[PDB]
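First the structure, in the form of structure tokens, and then the observations on it.
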Amino acid sequence: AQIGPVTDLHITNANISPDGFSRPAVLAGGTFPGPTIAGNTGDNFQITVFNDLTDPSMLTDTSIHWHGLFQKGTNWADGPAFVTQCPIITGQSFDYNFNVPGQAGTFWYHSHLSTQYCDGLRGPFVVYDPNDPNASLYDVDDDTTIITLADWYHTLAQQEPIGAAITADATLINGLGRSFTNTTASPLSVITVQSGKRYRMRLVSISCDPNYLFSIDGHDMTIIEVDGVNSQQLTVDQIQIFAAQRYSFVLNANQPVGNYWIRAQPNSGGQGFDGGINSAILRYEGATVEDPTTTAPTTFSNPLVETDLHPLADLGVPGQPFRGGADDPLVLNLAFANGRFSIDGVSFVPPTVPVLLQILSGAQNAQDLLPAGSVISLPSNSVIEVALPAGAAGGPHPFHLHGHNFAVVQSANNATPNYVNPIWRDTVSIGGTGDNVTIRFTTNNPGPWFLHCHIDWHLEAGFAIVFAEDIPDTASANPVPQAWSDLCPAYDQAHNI
Ligand SMILES: *[C@@H]1O[C@H](CO)[C@@H](O[C@@H]2O[C@H](CO)[C@@H](O)[C@H](O)[C@H]2NC(C)=O)[C@H](O)[C@H]1NC(C)=O
Ligand SMILES: *[C@@H]1O[C@H](CO)[C@@H](O[C@@H]2O[C@H](CO)[C@@H](O)[C@H](O)[C@H]2NC(C)=O)[C@H](O)[C@H]1NC(C)=O
Ligand SMILES: [Cl-]
Ligand SMILES: [Cu+2]
Ligand SMILES: [Cu+2]
Ligand SMILES: [Cu+2]
Ligand SMILES: [Cu+2]
């Protein structure tokens, strides 16, 4: 069952075996993935997070981010450790109390301390729209239509050896899948449909790293939502989904009653489907309980291409229709060397005092904010353009901006910008060498907003900056509760800082 919008959420350690290999994990709600948090557009969420963690190998502190929610006036509840809060210490709790005006769609939540979400603290977050403009396109939209894609590691995140390549051990679809090596025939997830019905499938990448080529044998998929933004209908037969992205698609259960493979091929780790890796099962009601016998095509006829997506609403693009046609045009120099990422020559290392607290304490320009060189001020009520030219090792990098969604004026693998009707989203692949993926947004949300690669291993290696949007108005716009004010002193005491 779905929980929320007002709920407790316990964070605990437990052993799990989603691919037949047992290891300890960091879990929300006792499960991997965590339980779906849900409500309606405009609701007040009050998620009281109880930190009950005791195993230091996966960190006993935590902080939770509500990915894609704008947090306007509630920057303190956004979750990124050392940006908007100090972590919650073990044996304590914290009420993330916020509202979701003007948003409806598919989101997710995850730890935002170190690489802890990789150890299991990840789950779906759905904001339903009682007056959804896409409602007539489908018959079913509920917990049974959520599809999560996750990477899973046998080695604990904190224990990944310095200097060795990090790859996953399994792909998990709805929490189940088979290991790439020493594959055993552990249970696969089943997604059940009834012949003739239409389903709003909510596809959520909760990945720490790989992108997936997602498809369903025999079926096609009509995209209706991108990262919370309603789209015009776009029919595709494969979706390349990057870490932290979401799509909703209509699945028409219009094939013969049977079993069909659901495929999610990561860009690293096990290649193909031998032994049922990278797989789940779409089962029609009345089908035999047995594995599918279907195959994929050699070549997909209609893969998703991002420039084919367009908003359902007339969203346009802010600013003027040319490069640099913004109030604050930025071009970030994104680089990697010697194990560390950098943005404009600075590798991100989290500060001791959270950025928001530094601002509330009176730091009022970005040159006064720590970490030095990692915080960039943005002016209020302005059009911002950010160019994110690719080339840094480890790509393609899915960049994500907190506090905002943005127009994707230029997408991967295509040198032509779109100043008319590009999709808006919150996580975008910056592509490959020579690309110039570029985003635009307007600054109407005061506070410090993280911008980073959502490959969690790259964030940990410094691939981030903070946009301190409207520093002068941050304090007035974001009143803080006493419980938030108490986080830093409690954390610093517990850690002898
Ligand atoms: C990506 O686009 C940005 C503009 O959005 C380009 O930035 C220009 O860079 C040149 C030097 O390369 C400067 O002289 C300009 O001041 C920049 N701003 C402009 C033209 O608006 C950037 O070069 C592009 N990068 C790639 C790799 O194509
Ligand atoms: C590369 O991106 C451009 C810009 O988004 C795409 O160009 C648009 O193509 C559509 C469909 O033909 C036209 O309606 C638009 O007028 C084009 N816009 C512009 C600014 O050119 C283009 O299709 C993409 N290339 C590929 C191969 O998908
Ligand atoms: Cl966000
Ligand atoms: Cu996220
Ligand atoms: Cu986010
Ligand atoms: Cu990256
Ligand atoms: Cu983040």
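Naming works like this for the structure tokens: A, B, ... for the chains as they're shown, residue 1 at the start of each chain, ligands 1 onward in shown order.
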Query - Near-stretch 186-193 of chain A list (9 Å; only C-alpha atoms; drop same-chain fewer than 6 positions) as number ranges by chain - result: A: 18-20, 144-145, 147, 172-179, 199, 253, 262, 276, 279-285
Requested in this report: Give the residues close to ligand 4, within 12 Å, counting only C-alpha atoms and all ligand atoms; write them as a PyMOL selection string.
Outcome: chain A and resi 64-69+78-80+107-113+115+117-118+121-125+204-209+227+242-246+398-403+426-428+450-456+459
Query - Selection within 9 Å of ligand 1 by only C-alpha atoms and all ligand atoms, output as a PyMOL selection string - result: chain A and resi 322-325+329-332+385-391+415+433-438
List every residue of chain A that has an atom at most 9 Å from any atom of ligand 2, giving for each one its closest atom pair and the distance in Å to one decimal, counting only C-alpha atoms and all ligand atoms, sorted by chain and then by ascending residue number, as CSV.
```
residue,atom,partner,partner_atom_place_in_ligand_line,distance
A:305,CA,ligand 2,28 (O),6.5
A:306,CA,ligand 2,28 (O),8.0
A:307,CA,ligand 2,5 (O),4.8
A:308,CA,ligand 2,28 (O),6.7
A:409,CA,ligand 2,5 (O),7.6
A:410,CA,ligand 2,5 (O),7.0
A:411,CA,ligand 2,2 (O),7.4
A:413,CA,ligand 2,1 (C),8.1
A:414,CA,ligand 2,1 (C),4.9
A:415,CA,ligand 2,1 (C),6.8
A:416,CA,ligand 2,2 (O),4.9
A:417,CA,ligand 2,4 (C),5.1
A:418,CA,ligand 2,5 (O),4.5
A:419,CA,ligand 2,20 (C),6.8
A:420,CA,ligand 2,20 (C),7.3
A:421,CA,ligand 2,5 (O),8.1
A:422,CA,ligand 2,5 (O),6.7
```
Pull N, CA and C atoms from the residues just selected and write them as a PDB file, in the first residue's frame.
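Everything below was put into result.pdb:
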```
ATOM      1  N   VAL A 305      13.819   9.508 -28.832  1.00  0.00           N
ATOM      2  CA  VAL A 305      14.822  10.549 -29.081  1.00  0.00           C
ATOM      3  C   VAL A 305      14.267  11.793 -28.341  1.00  0.00           C
ATOM      4  N   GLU A 306      15.066  12.426 -27.496  1.00  0.00           N
ATOM      5  CA  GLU A 306      14.542  13.452 -26.585  1.00  0.00           C
ATOM      6  C   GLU A 306      13.985  14.649 -27.293  1.00  0.00           C
ATOM      7  N   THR A 307      14.506  14.989 -28.463  1.00  0.00           N
ATOM      8  CA  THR A 307      14.001  16.133 -29.212  1.00  0.00           C
ATOM      9  C   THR A 307      12.615  15.887 -29.797  1.00  0.00           C
ATOM     10  N   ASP A 308      12.150  14.635 -29.773  1.00  0.00           N
ATOM     11  CA  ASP A 308      10.807  14.316 -30.194  1.00  0.00           C
ATOM     12  C   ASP A 308       9.734  14.583 -29.154  1.00  0.00           C
ATOM     13  N   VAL A 409      16.964  23.114 -24.019  1.00  0.00           N
ATOM     14  CA  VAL A 409      17.113  23.806 -25.297  1.00  0.00           C
ATOM     15  C   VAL A 409      17.987  23.053 -26.279  1.00  0.00           C
ATOM     16  N   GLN A 410      18.958  22.292 -25.796  1.00  0.00           N
ATOM     17  CA  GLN A 410      19.797  21.462 -26.652  1.00  0.00           C
ATOM     18  C   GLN A 410      20.003  20.155 -25.960  1.00  0.00           C
ATOM     19  N   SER A 411      19.768  19.061 -26.700  1.00  0.00           N
ATOM     20  CA  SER A 411      19.855  17.729 -26.211  1.00  0.00           C
ATOM     21  C   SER A 411      21.119  16.992 -26.689  1.00  0.00           C
ATOM     22  N   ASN A 413      23.573  14.542 -28.627  1.00  0.00           N
ATOM     23  CA  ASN A 413      23.734  13.992 -29.947  1.00  0.00           C
ATOM     24  C   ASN A 413      23.082  14.781 -31.060  1.00  0.00           C
ATOM     25  N   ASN A 414      22.789  16.045 -30.813  1.00  0.00           N
ATOM     26  CA  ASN A 414      22.107  16.873 -31.824  1.00  0.00           C
ATOM     27  C   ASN A 414      22.524  18.285 -31.574  1.00  0.00           C
ATOM     28  N   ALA A 415      23.215  18.868 -32.530  1.00  0.00           N
ATOM     29  CA  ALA A 415      23.781  20.204 -32.371  1.00  0.00           C
ATOM     30  C   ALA A 415      22.773  21.352 -32.502  1.00  0.00           C
ATOM     31  N   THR A 416      21.526  21.044 -32.859  1.00  0.00           N
ATOM     32  CA  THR A 416      20.521  22.082 -33.106  1.00  0.00           C
ATOM     33  C   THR A 416      19.724  22.402 -31.854  1.00  0.00           C
ATOM     34  N   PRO A 417      19.732  23.665 -31.411  1.00  0.00           N
ATOM     35  CA  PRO A 417      18.902  24.031 -30.275  1.00  0.00           C
ATOM     36  C   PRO A 417      17.451  24.167 -30.680  1.00  0.00           C
ATOM     37  N   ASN A 418      16.560  24.143 -29.675  1.00  0.00           N
ATOM     38  CA  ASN A 418      15.112  24.299 -29.863  1.00  0.00           C
ATOM     39  C   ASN A 418      14.621  25.366 -28.873  1.00  0.00           C
ATOM     40  N   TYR A 419      14.369  26.568 -29.402  1.00  0.00           N
ATOM     41  CA  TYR A 419      13.907  27.659 -28.602  1.00  0.00           C
ATOM     42  C   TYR A 419      12.377  27.829 -28.639  1.00  0.00           C
ATOM     43  N   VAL A 420      11.672  26.848 -29.200  1.00  0.00           N
ATOM     44  CA  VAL A 420      10.235  26.942 -29.413  1.00  0.00           C
ATOM     45  C   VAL A 420       9.450  26.044 -28.481  1.00  0.00           C
ATOM     46  N   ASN A 421       9.678  24.712 -28.529  1.00  0.00           N
ATOM     47  CA  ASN A 421       8.849  23.800 -27.792  1.00  0.00           C
ATOM     48  C   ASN A 421       9.581  22.556 -27.251  1.00  0.00           C
ATOM     49  N   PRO A 422      10.775  22.749 -26.717  1.00  0.00           N
ATOM     50  CA  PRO A 422      11.431  21.559 -26.151  1.00  0.00           C
ATOM     51  C   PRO A 422      10.742  21.071 -24.886  1.00  0.00           C
TER      52      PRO A 422
END
```
Query - DSSP-assigned strand (DSSP E or B) members of stretch 397-476 of chain A, reported as JSON, numbers by chain - result: {"A": [398, 399, 400, 401, 406, 407, 408, 409, 410, 424, 425, 427, 428, 429, 438, 439, 440, 441, 442, 447, 448, 449, 450, 451, 452, 453, 464, 465, 466, 467, 468, 469]}
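Using only C-alpha atoms, the contacts of residue A:297 at a cut-off of 12 Å, with sequence neighbours closer than 5 positions omitted, comprise residues 215, 216, 217, 218, 219, 237, 238, 263, 302 and 303 of chain A.
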Export, as a CSV table (one decimal), in the first residue's frame, the selected residues with N, CA and C atoms.
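Done, and the output landed in again.csv:
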```csv
chain,number,residue,atom,x,y,z
A,215,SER,N,12.5,-1.8,-22.7
A,215,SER,CA,11.5,-2.2,-23.6
A,215,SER,C,10.6,-3.3,-23.1
A,216,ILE,N,9.5,-3.6,-23.8
A,216,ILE,CA,8.6,-4.7,-23.5
A,216,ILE,C,8.3,-5.4,-24.8
A,217,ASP,N,8.7,-6.7,-24.8
A,217,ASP,CA,8.5,-7.5,-26.1
A,217,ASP,C,7.1,-7.4,-26.5
A,218,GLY,N,6.9,-7.2,-27.8
A,218,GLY,CA,5.5,-7.2,-28.4
A,218,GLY,C,4.7,-5.9,-28.2
A,219,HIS,N,5.2,-5.0,-27.4
A,219,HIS,CA,4.4,-3.9,-27.0
A,219,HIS,C,5.2,-2.7,-27.5
A,237,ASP,N,9.2,2.3,-29.1
A,237,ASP,CA,9.3,0.9,-28.7
A,237,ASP,C,10.5,0.6,-27.8
A,238,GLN,N,11.3,1.7,-27.4
A,238,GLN,CA,12.4,1.5,-26.5
A,238,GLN,C,12.6,2.9,-25.9
A,263,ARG,N,12.5,-5.8,-20.5
A,263,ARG,CA,13.9,-5.8,-20.7
A,263,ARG,C,14.4,-4.4,-20.2
A,302,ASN,N,11.5,2.4,-33.3
A,302,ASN,CA,11.1,3.7,-32.8
A,302,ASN,C,11.6,4.0,-31.5
A,303,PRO,N,12.9,4.1,-31.3
A,303,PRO,CA,13.5,4.4,-30.0
A,303,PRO,C,13.1,5.9,-29.6
```
Report summary line: Of A:15, A:93, A:171, A:347, the one nearest to residue A:149 when counting only C-alpha atoms is A:171
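Atom CA of residue A:77 sits 19.9 Å away from atom CA of residue A:27.
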Query - Test item, helix (DSSP H, G or I) assignment across stretch 32-96 of chain A, answer as number ranges by chain - result: A: 56-58, 75-77
Go ahead and save the picked residues with N, CA, C and O atoms, as a CSV table (one decimal), in the first residue's frame.
```
chain,number,residue,atom,x,y,z
A,56,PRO,N,27.6,1.1,11.0
A,56,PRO,CA,28.5,2.2,10.5
A,56,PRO,C,29.0,1.9,9.1
A,56,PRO,O,29.4,2.9,8.5
A,57,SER,N,29.0,0.7,8.6
A,57,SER,CA,29.6,0.4,7.3
A,57,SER,C,28.7,1.0,6.2
A,57,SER,O,29.2,1.1,5.1
A,58,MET,N,27.5,1.4,6.5
A,58,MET,CA,26.7,2.1,5.5
A,58,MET,C,26.3,3.5,6.0
A,58,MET,O,25.4,4.1,5.3
A,75,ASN,N,13.2,25.4,1.5
A,75,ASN,CA,14.5,24.9,1.1
A,75,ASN,C,15.1,24.0,2.1
A,75,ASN,O,15.8,23.0,1.8
A,76,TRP,N,14.8,24.3,3.4
A,76,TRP,CA,15.3,23.5,4.5
A,76,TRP,C,14.9,22.0,4.5
A,76,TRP,O,15.5,21.2,5.2
A,77,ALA,N,13.8,21.7,3.8
A,77,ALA,CA,13.3,20.3,3.7
A,77,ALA,C,13.8,19.6,2.5
A,77,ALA,O,13.4,18.5,2.2
```
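The two atoms in question, atom CA of residue A:249 and atom CA of residue A:198, are spaced 10.0 Å apart.
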Report summary line: From atom CA of residue A:373 to atom CA of residue A:346 the spacing works out at 6.3 Å
